[PDB]
C-alpha cells in the first residue's frame, strides 16, 4: 500500500512552474508524470506539515475529475507525483492562449468541475483554492482539479467576501468553495477575469470584502443559457448561507446541459 518512491526511480525534466509550497516539473516515473518538489536542503517543520497534508488529502481521492495522485517521496527532496496532463490549465486556455471554446464545451467543463467538487465535498474535503489555474484540462477534454494545500473535516479574486475579510476563526467552508466555483463559471461564460476595468488590486479586495463590488453578470456570452446565468448569481451570493451546495449545482448543470443541443 504505502505510496513512497525510492530515491533515483524518478527522473526530473522541464521546470514548468510553481504551486502551493513548491516547484512543478515534468518528469518520468512509469510513464511521464507531474512532480511537485519542495527542493531546498533542510525541510521546514511547517512545510513538513504542509507536504504531509496534501499527500494525506490526495491519497483520499480517486475520481476521474481529481488529478490522480500517484506517489510521493521524501529523500532526496519532498515530492508529490501525479499523472501528467497534456494541454493546459483552464486559466491558461482562457486568459493566456485565448482558446475560444463553445458553449456546449464550456458547459461540459463546468459540469466536470462541479463533478469533482461534489466528490471532494462528499468525502468532506474543502479545496480552499479552486480557481482556473488549478483546473487542468487533460487531453483538452477531461477536467482534473488539482492543488491541495488545504483542509479536511494570493489569488484573490476567487475569494468569497467572508474569506476576504478574515473576521472569525474559520471563514473557509463548502460555500466558499462554491463561491470560487462561481468565479470559474464567470471566466468560462465571459472569457474574462472579473473586474477587468479596475486597475488596482487593493481596491478590488477592499470592495469585494465590503460587498460594494461584485462580478458583473451582464458580461456573459449571449448564447449562455438563462439557467446558467441564474445559477452563477446563486453561487456568487454575498451571503455565505444563501449559496447552493454542490449536489444541487451538479443537478442544475446536468439539467440545462441536457436541454441545450437545440
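Positions refer to the first chain, counted from 1. Only the largest set of C-alpha atoms that superpose within 1.5 Å between the two forms is called the rigid core.
- Core-fitted comparison in 4 other deposited structures of this protein shows that, between 193-201 and 35-43, the CA atoms farther from the shown form belong to 35-43.
- When the other structures are laid on the shown form by the core, the C-alphas of 167-175 and 123-131 differ in how far they drift in 4 other deposited structures of this protein; the larger average drift belongs to 167-175.
- Figure legend: residue 244 is marked as modelled in all of the other comparable entries of the protein, none of which omit it, let alone a third.
- Coverage remark for residue 23: present in the model in all other entries compared whose chains are built on both sides, leaving no third without it.
- Across the two stretches, 47-55 and 30-38, the PDB entry reports the greater mean Cα temperature factor for 47-55.
- For the segment pair 198-206 and 219-227, the entry gives 219-227 the higher mean B-factor, averaged over Cα atoms.
- Ranking 75, 144, 131, 92 by the C-alpha B-factor listed in the PDB entry places 75 at the top.
- Ranked by C-alpha B-factor against the other modelled residues of its chain, residue 102 falls in the highest third.
- Per the PDB record, residue ranking by Cα B-factor puts residue 151 in the highest third of the chain.
- Residue-level temperature factors show residue 121 in the middle third of its chain, judged at the C-alpha atom.
- When the modelled residues of the chain are ordered by C-alpha B-factor, residue 173 sits in the middle third.
- Residue 139: CA B factor in the highest third of modelled residues in this chain (values from the PDB entry).
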